[PDB]
Every structure is written in C-alpha cells, then in structure tokens.
C-alpha cells in the first residue's frame, strides 16, 4: 500500500490580476497584445503567479529553486529532508537542458545523497514523477518517496523572448509586425508554481492520508500530431522539427524556444484524446462507476473546456455533476504539471475530506495528447 501523507504547494510572490499581468510579462514591439483580452475572457483565470520581481523584473526563483521550496513544505516533525529515500522531480520549463531538473533540485535542497530521477514532458510530467514515486513504495524498493514538479513559464513567456522575431519582422517589412497567435496565446494561459507530495507505505496517524489505488496513463501520440511544443517548429505535414535542425539565426528570427500551441488542433481533439478515449478504457478495465466518485479533480487549463470535458464524461456514460468537481484554477492560474499538486494541497488542507471518500484526478496533457488518472481513497 501507498499513501499520500503530505502535499505542499509553493506559489511565487503575490497573485497578479488581469489588469497587471501584461506589465509583468512585457510588450512585444512596444505594443499591447491584441489577443490578451479575449484569451482571458475565455480561460476565466483571474489570478496567477510569476517568479518575476514586480519592481525589478528579475527572476525570483529558478525552476529548481521553485521545486525546492515546494519540497521543503513537506517538512514537519514526521519527516525531514534527509529521510527521503527517493526524489522524482519534473519541470516542463527546466532551467537547462543538461543536467536533469531533479539533480538541480537536489543541489538546491542539499539533503543527504539519495536517489534522484527526473521525468519530462508537460502537464502530465508531474504525474509520471508521482507514479515513479508510487511504484517505488508500492514495490517495496523504498518505504517513502517524494515527487515534485515546478513550472516557471514566465522565463519564456516574457516579451524579451520575442525581441529578435519582432526585429526580423520589422526588417522584412511585414505589414503586421505582431507575433502570430500561435506564439502569443500561451502568454496569457500559463503561469508559475510548484508542488510536491510525500508518499509512504503507512498512513499518517494524525489527519488525512490519501491511499493511491492506482495511476493509469495513456498516450495517443501514435495517432495525434504534436499540439503544444517548444524548442522546435511544427511543419505543414504536422511533424515537429527540432531546434538543432534549424539555423542559429532562425532560432531568434522565429522564436523557436518559445512555447507554442496549435490552437485549432487542440480545440478539435483535446477532450476526446485526453479524456474520453483513455477514461473509457480505464472505466471498462477497472469496472468503474461514476456514482462511486465523491471528488473529481480535473486539472483543465481553461474555463472554456470545463463543460466540454463534462460533455466528454457524458458521452462515455461517466457523468459527474459540477458539485463534485474541485478546482482552484481561476485563482491559482494554470501552472501546467503543478496544477494537480496545487489542487490536492488545497483540498487536503480544507477539512472537506472525510474517510472512505473516493477521489478521481484527471490530468490532461495537450502537448501530444496524454491523459493521466489517479484514484485516491481517504483513510
């Protein structure tokens, strides 16, 4: 048996409202974004956090430091950093390509030598790190394990990441020097935050523990094109061209290292290939009834998809009405892989959980259409 006994979330700095966010993220070419308003109206996020100083604009935490702050929030008198037998870390916005994110987090925390692994990907990478931790305790390899994930997209969403593209567009005499919607879209969607979870083979004597019944993960990249991508460009045939295959001048002229989204492909395919296709396999294979779910924790990215995911549940006869949904997206921001940790941290600390209640966590990843699902039982 494996139990989540402690979850912690770390949000950098003060929440930032819709009227302030563009001043923190900067203007491209001296001009406010023409798409910010409608993207915000549709995603419904009201506050988010950035690892950026409101005064100076300096970075306030690297991704490694953000994760380290989350992990240190797991420390109470039942657990110190040196008791950790395994650390599984992930970040879609790692500070560097090599080394892996996890050993940089270990460098920040400075706890004694232990197993450190890094998972990678996007929104689901925090769940693949949590499953590694889960399997480690489940199998008996360790008696505890920590999974942590951090996101600092502010590093790559700031206007300075489009400085050379704007210059190249001005020099090519473009009628419109603005960057494409595919590049501007995520600047109003993604934000910063970090989370961590402590997993152990016994529940905690005090308070609530969450037994992990299973974590099921399905990738549909065999049939779906890349949808969210960075460090590369999506070609006309739907394939992805990696940054190292493009010239150095093109990295800057086309902002190859910014985060992009094929928004039309996302809208058309995200519900089916992150929710209904995986969940209907899981529902069939585990004989699940949506009546048995007390809490549904869906880490969707945008209020736009909330009822579209709900329609998805309906289509596979796994309806769950809104009163059993729990999300803090609109006041925490879409923090990518950390979203589920930030949702679990609030629910565990709310007192609303009661023994024997069952939780279904849904973590979609639009990057190339993964759905991750975790089933939990309050003990």
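Positions refer to the first chain, counted from 1.
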property	result
Segment of higher mean CA temperature factor, 14-22 or 365-373	14-22
Mean temperature factor over C-alpha atoms, higher-scoring stretch between 70-78 and 233-241	70-78
C-alpha B-factor winner, where the candidates are 94, 118, 289, 161	289
Out of 308, 187, 101, 272, highest CA B-factor residue	308
Position of residue 248 among the chain's modelled residues by C-alpha B-factor, lowest, middle or highest third	middle
Cα B factor band for residue 295 (lowest, middle or highest third within the chain)	highest
Lowest, middle or highest third - CA B-factor, residue 260	lowest
Residue 108 CA temperature factor, ranked by third within the chain	middle
Lowest, middle or highest third - CA B-factor, residue 276	middle
